[PDB]
(Lines of atoms letter the chains of each structure in order from A and count residues from 1; the text may use other names and numbers.)
(Lines give C-alpha, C1' and ligand atoms only; values in the text may rest on other atoms or scores of the structure.)
Protein backbone atom coordinates (compact mmCIF):
# COMPACT_ATOMS: atom_id res chain seq x y z
CA UNK A 1 0.00 0.00 0.00
CA UNK A 2 0.81 3.68 -0.12
CA UNK A 3 1.94 5.78 2.84
CA UNK A 4 -1.23 6.53 4.80
CA UNK A 5 -1.23 10.02 6.26
CA UNK A 6 1.32 11.42 3.85
CA UNK A 7 0.56 14.61 1.89
CA UNK A 8 2.99 14.48 -1.08
CA UNK A 9 4.45 17.61 -2.65
CA UNK A 10 5.58 17.96 -6.27
CA UNK A 11 9.33 18.67 -6.34
CA UNK A 12 9.83 19.26 -10.05
CA UNK A 13 9.96 23.05 -9.60
CA UNK A 14 13.04 22.82 -7.38
CA UNK A 15 16.79 22.38 -7.80
CA UNK A 16 16.37 18.67 -7.07
CA UNK A 17 15.63 18.25 -10.80
CA UNK A 18 18.35 20.49 -12.11
CA UNK A 19 21.34 18.75 -13.73
CA UNK A 20 24.70 18.76 -11.92
CA UNK A 21 28.12 17.24 -12.64
CA UNK A 22 29.50 14.85 -10.05
CA UNK A 23 33.01 13.70 -10.88
CA UNK A 24 32.75 12.83 -14.58
CA UNK A 25 29.04 12.07 -14.24
CA UNK A 26 26.29 14.35 -15.50
CA UNK A 27 23.16 13.67 -13.50
CA UNK A 28 19.82 14.79 -14.91
CA UNK A 29 18.69 15.32 -11.31
CA UNK A 30 19.91 15.50 -7.71
CA UNK A 31 18.03 12.69 -5.97
CA UNK A 32 20.60 9.95 -5.41
CA UNK A 33 20.36 6.34 -4.25
CA UNK A 34 22.52 6.07 -1.10
CA UNK A 35 24.46 2.85 -0.27
CA UNK A 36 22.07 0.14 0.96
CA UNK A 37 22.99 -3.35 2.25
CA UNK A 38 20.34 -5.92 1.35
CA UNK A 39 22.15 -9.18 2.18
CA UNK A 40 21.31 -11.05 -1.02
CA UNK A 41 24.91 -11.95 -1.87
CA UNK A 42 25.85 -15.64 -2.19
CA UNK A 43 27.90 -17.64 0.28
CA UNK A 44 30.54 -18.91 -0.13
CA UNK A 45 32.56 -16.30 -1.98
CA UNK A 46 30.49 -13.25 -1.15
CA UNK A 47 29.25 -13.37 -4.75
CA UNK A 48 26.63 -10.76 -5.76
CA UNK A 49 23.21 -12.43 -6.19
CA UNK A 50 23.13 -13.89 -9.70
CA UNK A 51 19.36 -14.21 -9.77
CA UNK A 52 18.10 -10.83 -8.60
CA UNK A 53 20.95 -8.28 -8.43
CA UNK A 54 20.80 -6.88 -11.97
CA UNK A 55 17.00 -6.67 -11.90
CA UNK A 56 16.92 -4.78 -8.54
CA UNK A 57 19.51 -2.20 -9.60
CA UNK A 58 18.16 -1.95 -13.14
CA UNK A 59 14.66 -1.07 -11.80
CA UNK A 60 16.29 1.70 -9.77
CA UNK A 61 18.43 2.93 -12.65
CA UNK A 62 15.31 3.62 -14.76
CA UNK A 63 15.14 7.44 -14.62
CA UNK A 64 18.10 8.64 -16.86
CA UNK A 65 21.02 10.52 -15.29
CA UNK A 66 20.62 8.88 -11.87
CA UNK A 67 23.64 8.36 -9.65
CA UNK A 68 23.52 5.02 -7.89
CA UNK A 69 25.77 4.28 -4.91
CA UNK A 70 25.94 0.49 -4.47
CA UNK A 71 25.48 -1.56 -1.31
CA UNK A 72 28.62 -1.69 0.79
CA UNK A 73 31.16 -4.20 -0.54
CA UNK A 74 34.09 -5.76 1.31
CA UNK A 75 37.47 -4.82 -0.13
CA UNK A 76 38.87 -8.12 1.20
CA UNK A 77 38.21 -11.31 3.24
CA UNK A 78 39.55 -9.70 6.45
CA UNK A 79 37.53 -6.56 5.72
CA UNK A 80 34.30 -8.50 5.87
CA UNK A 81 32.40 -10.66 8.32
CA UNK A 82 28.93 -11.02 6.80
CA UNK A 83 28.38 -14.12 4.63
CA UNK A 84 25.73 -12.53 2.46
CA UNK A 85 27.21 -9.08 1.76
CA UNK A 86 29.05 -8.89 -1.60
CA UNK A 87 32.78 -8.55 -2.14
CA UNK A 88 34.89 -6.79 -4.74
CA UNK A 89 38.20 -8.60 -4.32
CA UNK A 90 37.75 -11.65 -6.65
CA UNK A 91 37.13 -12.50 -10.33
CA UNK A 92 34.00 -14.46 -9.47
CA UNK A 93 32.84 -11.30 -7.69
CA UNK A 94 33.90 -8.97 -10.48
CA UNK A 95 32.22 -10.99 -13.27
CA UNK A 96 28.84 -10.47 -11.61
CA UNK A 97 29.68 -6.83 -10.86
CA UNK A 98 30.31 -6.09 -14.54
CA UNK A 99 26.90 -7.43 -15.52
CA UNK A 100 25.40 -5.09 -12.93
CA UNK A 101 27.45 -2.07 -14.03
CA UNK A 102 26.42 -2.64 -17.66
CA UNK A 103 22.67 -2.70 -17.00
CA UNK A 104 22.81 0.54 -15.05
CA UNK A 105 24.78 2.13 -17.87
CA UNK A 106 22.40 0.73 -20.52
CA UNK A 107 19.73 2.73 -18.70
CA UNK A 108 21.92 5.85 -18.82
CA UNK A 109 22.57 6.06 -15.10
CA UNK A 110 25.72 6.04 -13.04
CA UNK A 111 27.24 3.75 -10.42
CA UNK A 112 29.67 4.29 -7.53
CA UNK A 113 30.80 1.31 -5.42
CA UNK A 114 31.03 1.71 -1.63
CA UNK A 115 34.22 0.19 -0.27
CA UNK A 116 33.33 -1.44 3.06
CA UNK A 117 35.41 -2.46 6.11
CA UNK A 118 33.57 -3.69 9.21
CA UNK A 119 36.02 -3.55 12.09
CA UNK A 120 34.14 -4.40 15.30
CA UNK A 121 30.77 -4.65 13.52
CA UNK A 122 31.66 -7.92 11.84
CA UNK A 123 30.65 -11.23 13.45
CA UNK A 124 33.74 -12.72 15.16
CA UNK A 125 32.42 -16.25 14.60
CA UNK A 126 32.36 -15.85 10.83
CA UNK A 127 35.86 -14.42 10.74
CA UNK A 128 37.10 -17.11 13.13
CA UNK A 129 35.46 -19.73 10.91
CA UNK A 130 37.55 -18.60 7.94
CA UNK A 131 40.63 -18.10 10.17
CA UNK A 132 40.39 -14.29 10.18
CA UNK A 133 41.00 -11.64 12.88
CA UNK A 134 38.49 -9.53 14.76
CA UNK A 135 39.98 -6.09 14.02
CA UNK A 136 39.51 -2.61 15.41
CA UNK A 137 41.42 0.50 16.47
CA UNK A 138 41.57 -0.59 20.12
CA UNK A 139 41.19 -3.79 22.16
CA UNK A 140 40.03 -2.55 25.56
CA UNK A 141 36.73 -1.13 24.30
CA UNK A 142 34.08 -3.26 22.58
CA UNK A 143 30.97 -2.57 20.52
CA UNK A 144 28.38 -4.23 22.73
CA UNK A 145 27.28 -7.03 25.04
CA UNK A 146 26.45 -9.61 22.39
CA UNK A 147 29.49 -8.64 20.31
CA UNK A 148 31.76 -9.61 23.18
CA UNK A 149 29.72 -12.72 23.95
CA UNK A 150 30.16 -13.84 20.33
CA UNK A 151 33.81 -12.88 20.28
CA UNK A 152 34.65 -15.03 23.31
CA UNK A 153 32.40 -17.97 22.43
CA UNK A 154 34.34 -18.18 19.17
CA UNK A 155 37.57 -17.40 21.01
CA UNK A 156 38.42 -14.57 18.58
CA UNK A 157 39.40 -11.54 20.74
CA UNK A 158 39.44 -7.94 19.53
CA UNK A 159 42.81 -7.19 17.98
CA UNK A 160 44.38 -3.75 17.83
CA UNK A 161 45.75 -3.30 14.32
CA UNK A 162 49.48 -2.77 13.98
CA UNK A 163 50.88 -0.10 11.69
CA UNK A 164 51.62 -2.84 9.17
CA UNK A 165 48.09 -4.25 9.15
CA UNK A 166 46.80 -0.70 8.75
CA UNK A 167 49.00 -0.42 5.65
CA UNK A 168 47.68 -3.79 4.39
CA UNK A 169 44.10 -2.49 4.57
CA UNK A 170 45.27 0.45 2.47
CA UNK A 171 46.65 -1.96 -0.11
CA UNK A 172 43.35 -3.74 -0.14
CA UNK A 173 41.55 -0.41 -0.64
CA UNK A 174 43.53 0.57 -3.75
CA UNK A 175 43.03 -2.84 -5.36
CA UNK A 176 39.30 -2.99 -4.66
CA UNK A 177 39.04 0.55 -6.08
CA UNK A 178 40.93 -0.55 -9.22
CA UNK A 179 38.79 -3.68 -9.82
CA UNK A 180 35.68 -1.56 -9.35
CA UNK A 181 36.93 0.93 -11.95
CA UNK A 182 38.35 -1.85 -14.14
CA UNK A 183 34.94 -3.56 -14.08
CA UNK A 184 33.37 -0.36 -15.34
CA UNK A 185 32.22 1.52 -12.22
CA UNK A 186 32.11 5.29 -12.52
CA UNK A 187 33.98 5.60 -9.22
CA UNK A 188 34.12 4.44 -5.59
CA UNK A 189 32.94 5.73 -2.22
CA UNK A 190 34.94 5.34 0.97
CA UNK A 191 32.72 4.27 3.87
CA UNK A 192 34.09 6.14 6.87
CA UNK A 193 30.71 6.31 8.64
CA UNK A 194 28.19 4.35 10.69
CA UNK A 195 30.76 2.97 13.09
CA UNK A 196 32.74 0.64 10.78
CA UNK A 197 36.59 0.48 10.91
CA UNK A 198 37.57 3.96 9.63
CA UNK A 199 34.96 5.62 11.84
CA UNK A 200 36.19 3.42 14.67
CA UNK A 201 39.57 5.21 14.42
CA UNK A 202 38.06 8.68 13.98
CA UNK A 203 36.02 8.29 17.14
CA UNK A 204 37.57 9.06 20.59
CA UNK A 205 35.45 6.46 22.38
CA UNK A 206 36.52 3.58 20.20
CA UNK A 207 40.05 4.83 19.49
CA UNK A 208 42.26 4.73 22.59
CA UNK A 209 45.56 4.23 20.79
CA UNK A 210 48.67 6.14 21.84
CA UNK A 211 50.57 5.93 18.60
CA UNK A 212 50.52 7.95 15.39
CA UNK A 213 46.96 6.67 14.95
CA UNK A 214 45.52 7.83 18.25
CA UNK A 215 45.66 10.73 20.71
CA UNK A 216 44.64 13.77 18.67
CA UNK A 217 42.23 15.10 16.08
CA UNK A 218 45.11 14.71 13.58
CA UNK A 219 45.95 11.13 14.59
CA UNK A 220 42.40 9.80 14.79
CA UNK A 221 41.70 11.22 11.32
CA UNK A 222 44.92 9.70 9.93
CA UNK A 223 43.72 6.30 8.70
CA UNK A 224 40.75 7.92 6.84
CA UNK A 225 42.91 10.56 5.14
CA UNK A 226 45.52 7.97 4.11
CA UNK A 227 42.86 6.04 2.15
CA UNK A 228 41.65 9.19 0.44
CA UNK A 229 45.25 9.97 -0.43
CA UNK A 230 45.87 6.42 -1.63
CA UNK A 231 42.74 6.15 -3.78
CA UNK A 232 43.30 9.59 -5.28
CA UNK A 233 46.71 8.41 -6.58
CA UNK A 234 45.34 5.12 -7.93
CA UNK A 235 42.15 6.17 -9.78
CA UNK A 236 42.02 9.97 -9.60
CA UNK A 237 40.20 12.38 -7.34
CA UNK A 238 37.08 12.70 -9.51
CA UNK A 239 36.38 9.02 -8.93
CA UNK A 240 36.61 9.25 -5.16
CA UNK A 241 33.99 10.30 -2.65
CA UNK A 242 34.00 10.15 1.17
CA UNK A 243 31.00 9.30 3.42
CA UNK A 244 30.87 10.58 7.05
CA UNK A 245 28.33 10.54 9.88
CA UNK A 246 29.35 13.30 12.34
CA UNK A 247 26.47 12.79 14.80
CA UNK A 248 25.91 9.09 14.18
CA UNK A 249 25.62 6.91 17.24
CA UNK A 250 25.12 3.62 15.40
CA UNK A 251 27.65 0.82 16.12
CA UNK A 252 28.79 2.57 19.33
CA UNK A 253 30.03 5.91 18.07
CA UNK A 254 30.09 8.99 20.28
CA UNK A 255 28.00 11.56 18.39
CA UNK A 256 26.91 14.91 19.86
CA UNK A 257 27.72 13.76 23.40
CA UNK A 258 31.36 14.08 22.44
CA UNK A 259 32.12 17.73 23.05
CA UNK A 260 34.93 17.50 20.51
CA UNK A 261 32.99 15.63 17.87
CA UNK A 262 32.50 18.74 15.67
CA UNK A 263 36.17 19.68 15.85
CA UNK A 264 37.12 16.15 14.76
CA UNK A 265 34.97 16.37 11.62
CA UNK A 266 35.76 19.99 10.77
CA UNK A 267 39.34 18.76 10.65
CA UNK A 268 38.59 16.11 8.03
CA UNK A 269 36.75 18.69 5.93
CA UNK A 270 39.51 21.26 6.23
CA UNK A 271 42.05 18.77 4.87
CA UNK A 272 39.80 17.57 2.05
CA UNK A 273 39.36 21.17 0.87
CA UNK A 274 43.06 21.76 1.45
CA UNK A 275 43.74 19.14 -1.20
CA UNK A 276 40.91 20.65 -3.27
CA UNK A 277 43.01 23.79 -3.63
CA UNK A 278 45.99 21.66 -4.60
CA UNK A 279 43.84 20.62 -7.59
CA UNK A 280 42.70 17.29 -6.05
CA UNK A 281 39.02 17.87 -5.19
CA UNK A 282 37.06 14.67 -4.42
CA UNK A 283 33.90 14.03 -6.41
CA UNK A 284 31.88 14.58 -3.27
CA UNK A 285 31.32 14.38 0.44
CA UNK A 286 28.40 12.21 1.48
CA UNK A 287 26.77 13.16 4.79
CA UNK A 288 24.37 11.15 6.94
CA UNK A 289 21.98 13.59 8.67
CA UNK A 290 21.47 13.81 12.49
CA UNK A 291 17.73 13.58 11.69
CA UNK A 292 18.48 9.86 11.79
CA UNK A 293 21.21 8.76 14.24
CA UNK A 294 20.32 5.08 13.69
CA UNK A 295 18.94 3.81 10.31
CA UNK A 296 16.91 1.09 12.06
CA UNK A 297 14.83 3.63 13.96
CA UNK A 298 11.47 4.70 12.54
CA UNK A 299 11.37 8.02 10.67
CA UNK A 300 11.39 10.66 13.41
CA UNK A 301 13.16 8.43 15.95
CA UNK A 302 16.81 9.15 16.77
CA UNK A 303 16.66 12.82 15.82
CA UNK A 304 19.48 15.01 17.10
CA UNK A 305 18.55 18.68 17.36
CA UNK A 306 21.56 19.64 19.48
CA UNK A 307 23.68 19.35 16.36
CA UNK A 308 23.69 20.12 12.64
CA UNK A 309 25.62 19.24 9.49
CA UNK A 310 25.67 22.84 8.14
CA UNK A 311 29.20 23.48 9.47
CA UNK A 312 30.71 21.34 6.66
CA UNK A 313 29.50 23.84 4.05
CA UNK A 314 31.70 26.47 5.70
CA UNK A 315 34.81 24.38 5.12
CA UNK A 316 34.20 22.10 2.13
CA UNK A 317 33.25 23.98 -0.99
CA UNK A 318 32.37 21.04 -3.25
CA UNK A 319 29.28 18.94 -4.00
CA UNK A 320 27.69 17.44 -0.89
CA UNK A 321 25.14 14.63 -0.79
CA UNK A 322 22.81 14.53 2.21
CA UNK A 323 20.94 11.39 3.36
CA UNK A 324 18.40 11.22 6.17
CA UNK A 325 14.60 11.08 6.46
CA UNK A 326 13.93 13.31 3.43
CA UNK A 327 11.27 11.29 1.53
CA UNK A 328 8.45 12.30 3.92
CA UNK A 329 9.56 15.94 4.27
CA UNK A 330 9.49 17.47 0.79
CA UNK A 331 8.96 20.85 2.44
CA UNK A 332 12.37 20.35 4.10
CA UNK A 333 14.14 19.24 0.89
CA UNK A 334 12.61 22.26 -0.84
CA UNK A 335 14.55 24.63 1.44
CA UNK A 336 17.66 22.41 1.48
CA UNK A 337 18.11 22.16 -2.29
CA UNK A 338 17.76 25.94 -2.69
CA UNK A 339 21.49 25.70 -1.99
CA UNK A 340 23.23 25.16 -5.33
CA UNK A 341 25.59 22.18 -4.57
CA UNK A 342 23.36 19.80 -2.60
CA UNK A 343 22.07 16.31 -3.51
CA UNK A 344 19.50 14.31 -1.50
CA UNK A 345 19.99 10.60 -0.82
CA UNK A 346 16.74 8.68 -0.37
CA UNK A 347 17.20 5.27 1.26
CA UNK A 348 14.29 3.36 2.73
CA UNK A 349 12.06 4.84 0.07
CA UNK A 350 14.31 3.82 -2.79
CA UNK A 351 13.80 0.22 -1.67
CA UNK A 352 10.04 0.31 -2.03
CA UNK A 353 9.90 2.76 -4.95
CA UNK A 354 12.01 1.89 -8.05
CA UNK A 355 10.32 4.89 -9.70
CA UNK A 356 10.89 7.24 -6.74
CA UNK A 357 12.27 10.07 -8.90
CA UNK A 358 9.10 10.49 -10.98
CA UNK A 359 6.98 10.26 -7.83
CA UNK A 360 9.17 12.96 -6.28
CA UNK A 361 8.88 15.16 -9.39
CA UNK A 362 5.12 14.82 -9.56
CA UNK A 363 4.23 14.66 -5.87
CA UNK A 364 2.71 11.19 -6.35
CA UNK A 365 2.04 8.78 -3.42
CA UNK A 366 4.84 6.65 -2.02
CA UNK A 367 4.94 2.86 -1.48
CA UNK A 368 5.17 1.67 2.15
CA UNK A 369 8.42 -0.25 2.68
CA UNK A 370 8.48 -3.68 4.33
CA UNK A 371 11.02 -3.50 7.14
CA UNK A 372 11.07 -7.28 7.26
CA UNK A 373 12.60 -8.01 3.84
CA UNK A 374 15.41 -5.40 4.03
CA UNK A 375 17.82 -8.27 4.87
CA UNK A 376 16.08 -11.30 3.50
CA UNK A 377 17.33 -13.92 1.13
CA UNK A 378 14.38 -13.52 -1.21
CA UNK A 379 13.30 -11.68 -4.34
CA UNK A 380 10.21 -10.67 -2.43
CA UNK A 381 10.66 -7.28 -0.81
CA UNK A 382 13.55 -6.94 -3.24
CA UNK A 383 12.59 -6.65 -6.90
CA UNK A 384 8.83 -6.97 -6.58
CA UNK A 385 7.83 -3.52 -5.31
CA UNK A 386 5.56 -2.03 -8.00
CA UNK A 387 5.92 1.29 -9.81
CA UNK A 388 3.00 3.77 -9.47
CA UNK A 389 1.26 2.34 -12.55
CA UNK A 390 1.37 -1.20 -11.14
CA UNK A 391 0.19 -0.18 -7.67
CA UNK A 392 -2.77 1.42 -9.46
CA UNK A 393 -3.34 -1.78 -11.36
CA UNK A 394 -3.11 -3.59 -8.02
CA UNK A 395 -5.56 -1.06 -6.64
CA UNK A 396 -3.54 0.19 -3.65
CA UNK A 397 -6.63 2.34 -3.47
CA UNK A 398 -7.23 3.91 -6.80
CA UNK A 399 -7.96 0.95 -9.14
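Numbering follows the first chain given and starts at 1.
Averaged over CA atoms, B-factors in the entry run higher in 90 to 98 than in the other of 254 to 262 and 90 to 98. On average the C-alpha atoms of 303 to 311 have higher B-factors than those of the other stretch, with 109 to 117 and 303 to 311 being the two compared. Between the residues 146, 289, 135, 186, the entry's highest C-alpha temperature factor is the one at 146.
Set against one another, the Cα B-factors of 231, 85, 151, 182 in the record reach their highest point at 151. In this PDB entry, the Cα temperature factor of residue 284 sits in the middle third of its chain's modelled residues. Per the PDB record, residue ranking by Cα B-factor puts residue 139 in the highest third of the chain.
Among the modelled residues of its chain, residue 219 has a C-alpha B-factor that falls in the middle third, as given in the PDB entry. Split the chain's modelled residues into thirds by C-alpha temperature factor. Residue 330 is in the middle one.
Residue 247: CA B factor lies in the lowest third for its chain, per the PDB record.
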